[PDB]
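To start, the structure itself, in structure tokens.
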Amino acid sequence: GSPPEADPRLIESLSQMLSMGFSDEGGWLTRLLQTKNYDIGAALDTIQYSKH
């Protein structure tokens, strides 16, 4: 399926989480994504925007 090696999700949702200029404020990304259908939409809110 979708392996952590540049897969749609990781190349779409993860990459953007990386190449955007941010990452994981700890070690939740690996989780957030998953719990967010591999989405940055909410991934960001936690990386540096959890107050909007």
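Here, residue 1 is simply the first one shown, and the rest follow in order.
The backbone N, Cα and C atoms fix where each Cβ goes, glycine too.
Taken straight from Swiss-Prot:
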type	residues	note
CROSSLNK	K36	ubiquitin cross-link
CROSSLNK	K51	SUMO2 cross-link
DOMAIN	5-50	domain 'UBA'
MOD_RES	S19	phosphoserine
MOD_RES	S23	phosphoserine
MOD_RES	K36	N6-acetyllysine
MOD_RES	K51	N6-acetyllysine
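Helix first, then strand, then coil: DSSP counts for the domain 'UBA' (5-50) stand at 27 helix, 0 strand, 19 coil. Shown are the recorded sites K36, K51; of these, the residue with the fewest other Cβ atoms within 10 Å is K51. Counting neighbouring Cβ atoms within 10 Å of each of the modified residues (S19, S23), the lowest count belongs to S19.
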